[PDB]
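One structure is given below, encoded as structure tokens.
Where a number appears in this text, it was derived from the coordinates with a stated rule and is not lab data. So basically every Cβ, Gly included, is an ideal-geometry build from the backbone, and we count neighbours across all protein chains shown.
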Amino acid sequence: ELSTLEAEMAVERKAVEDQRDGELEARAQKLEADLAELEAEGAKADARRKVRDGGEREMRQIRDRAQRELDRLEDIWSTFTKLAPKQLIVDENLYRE
């Protein structure tokens with residue numbers, strides 16, 4: 001059943017990836033809209049610095065959340081493929097997965 005299981009896993013990984021890409025695109029467009037709005041209004045060259053640092057921090061956050069989910073997936077799959085008796089599984093979360 002390895003072929004079917006790996007197919008399902010690959011599709012799930014791609015689902016995480018495409019969702020991350022959508023979220024990050026949305027947040028990048030929102031950052032550009034907010035910068036344009038600050039430009040239309042009183043444009044403080046430091047307030048736009050604040051909002052750009054905030055946008056980039058949020059994008060780091062989305063990317064890193066999606067990345068930790070992808071890595072969790074990776075460890076699930078490599079553990080199942082290399083599974084063997086006497087193997088110790090310490091993470092309750094990974095074991096229930």
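Things worth noting here:
- Compared with the dominant principal axis of the Cα atoms in the chain, helix 2-40 is inclined by about 10°.
- Whole-Å distance, taken between Cα centres, linking region 22-45 and region 55-85: 29
- Rounded to 10°, Cα long-axis angle of helix 47-81 versus longest principal axis of the chain: 10
- Within the straight-line cut-off of under 27 Å between alpha carbons, the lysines reachable from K50 are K30, sequence neighbours fewer than 8 places apart in one chain being disregarded.
- Rounded to the nearest 20 debye, the dipole magnitude of the chain is 380 debye, with +1 charges on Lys and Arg beta carbons, -1 on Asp and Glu beta carbons, and the Cα centre as origin.
- Convex hull of the chain built on C-alpha atoms - directionally averaged projected area, nm²: 8.1
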